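None of the figures in this text is laboratory data; all of them are computed from the coordinates on show. Neighbour counts are summed over all protein chains in view; Cβ atoms, including those assigned to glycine, are modelled from backbone coordinates with ideal geometry.
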Amino acid sequence: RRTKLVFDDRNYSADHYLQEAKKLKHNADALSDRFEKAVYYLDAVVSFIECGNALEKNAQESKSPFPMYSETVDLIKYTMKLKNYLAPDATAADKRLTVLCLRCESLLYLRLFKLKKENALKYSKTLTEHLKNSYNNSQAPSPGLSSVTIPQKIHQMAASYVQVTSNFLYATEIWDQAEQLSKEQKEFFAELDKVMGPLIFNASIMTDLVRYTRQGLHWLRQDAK
């Protein structure tokens with residue numbers, strides 16, 4: 001009854017995946033039934049992730065995927081606001097689709113982190129030392145028996161460090177969200193894990209996520225369509 005997708009083992013250009021995802025996103029923009037709207041939005045999201053993955057591993061011309069993954073995260077956030085999973089009459093299809101969306105969003109946040117992760121150790125070093133090194137403007141030292149002044153570069157560095165750290169903070173929270181929600185469709189997702197191999201937080205690559213989500217979408221389609 002359940003069938004596994006035989007996957008296209010070509011590595012097309014990022015432009016090809018971008019056009020594919022735009023076609024799917026506009027199919028979804030046109031549709032009126034929110035569930036099929038959301039299914040096609042997740043299909044487009046998978047193609048967008050493929051476009052970013054191609055921007056990364058394009059052998060003879062590599063560009064940056066960070067805006068791609070970020071805007072795709074925003075697309076997933078929009079998508080989840082159509083068929084709310086915590087709704088009273090929320091079907092099993094809505095819940096499984098939400099779990100797939102959450103997996104995609106968590107892993108995309110994690111990549112967004114890892115694309116700029118090199119800055120954060122550097123910045124943690126120097127920002128820890130300088131934020132023990134800021135004690136001014138309100139109380140002078142008080143020998144015994146408010147507002148704070150910090151250097152400009154320290155401020156910009158703290159801003160960028162928070163910007164980079166928010167990414168895995170969201171990734172961790174959304175991954176735990178996905179884990180928890182998967183308990184209410186444990187059988188569906190145990191079969192999916194058995195067929196595809198489970199998604200690993202810090203290990204699964206974008207192609208693993210693409211194939212896993214496409215398999216889940218295939219089963220969701222057959223259960224409704």
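So the values come out like this:
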| quantity | calculated |
| --- | --- |
| For a label point 7 Å along the Cα-to-beta-carbon line of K194, residues of the range 90-105 with backbone N under 19 Å | 96 |
| Per-selection Kirkwood Rh - the range 52-140 (Cα, Å, 1 d.p.) | 16.6 |
| Low-density loop cleavage sites - GluC sites (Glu not before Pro) in the range 179-225, where at most 12 other Cβ are within 10 Å (DSSP) | none |
| Flagged links, alpha-carbon separation over 29 Å, of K81/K225; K122/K194; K83/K116; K83/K183 | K122/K194; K83/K116 |
| DSSP-assigned coil residues among trypsin sites (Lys or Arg not before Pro) in the range 1-76, each with at most 14 further Cβ atoms within 10 Å | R1, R2, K4, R10, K63 |
| Sum of -39500 (n - 2.57) over DSSP H runs of 4+, divided by residues of the chain (222 nm, nearest 500) | -23500 deg cm²/dmol |
